[PDB]
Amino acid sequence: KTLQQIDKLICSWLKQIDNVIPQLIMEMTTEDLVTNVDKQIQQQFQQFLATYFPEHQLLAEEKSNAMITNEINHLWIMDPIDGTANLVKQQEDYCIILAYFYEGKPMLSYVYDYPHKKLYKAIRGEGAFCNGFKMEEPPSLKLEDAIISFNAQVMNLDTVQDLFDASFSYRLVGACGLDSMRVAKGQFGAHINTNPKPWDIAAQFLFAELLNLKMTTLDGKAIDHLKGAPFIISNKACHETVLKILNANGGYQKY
């Protein structure tokens, strides 16, 4: 019922999920990738919800979501594995993403970096935490002093060049959730994804609010958690400059 109660349940389900994943990985089979691991984690969470919060609905990657509307009171958004490519190719640098919305308002968020056993969580009224230790607003980062992260394969190269020249350096973890959390931790100045699904960014809203980060569309607007949009999550001090570079000279999209 309370946020703490729901949080305690989710944290224990995530803990138990450590006991399932090594096996799924040992038998890993695959099919824009999708494994058994994605599907099984998702199904288990569906069953978890049937069992504890049976009014609650799920918007997730591996299910049809036709039934999900503007007015659902209790909504979870899930990415059961974000970074499937990294899971398959590296068995590292992937995460589980969850977010609970109450009447459209972010209340709980989770990014579980399972390979490193690092649970990032955010709780409206309490704050954000990594394995329990409170996260603080990161230091201010101007773009020239910041590392930035984005997919350079989906942008035109003049714009990529401008991002390179204006920033301290460039890195890529390769999972939206984890690259986002590096912004949250102050390790990156900003992460960009030019075409995310609602589940790629759903947890990030509450993190951005509680840690004073900017999270907007690439036009600087509020994002609908129900609909993807081109997006950025950014340190407050470099947000404007990134958007200016992205939108200059007819924009960032490949010619």
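One-based numbering along the sequence shown.
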Does the chain run continuously from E31 to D32, or are deposited residues unmodelled in between? Answer none, 1 to 3, 4 to 9, or 10 or more. 4 to 9
Got a sec? Mean C-alpha B-factor, which is higher, 16-24 or 241-249? 16-24
When mean C-alpha B-factors in the record are compared for 203-211 and 33-41, the larger belongs to 33-41
Going by the deposited entry, which of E144, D82, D93, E103 has the highest CA temperature factor? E103
Out of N193, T217, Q187, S64, residue topping the C-alpha B-factor column of the entry: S64
Sorting the chain's modelled residues by C-alpha B-factor and splitting them into thirds places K117 in the highest
Once the chain's modelled residues are ordered by C-alpha B factor and cut into thirds, is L163 in the lowest, middle or highest one? lowest
Sort the modelled residues of this chain by their C-alpha B factor and say whether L157 lands in the lowest, middle or highest third. highest
According to the PDB entry, is the CA B factor of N73 in the bottom, middle or top third of its chain, that is, lowest, middle or highest? highest
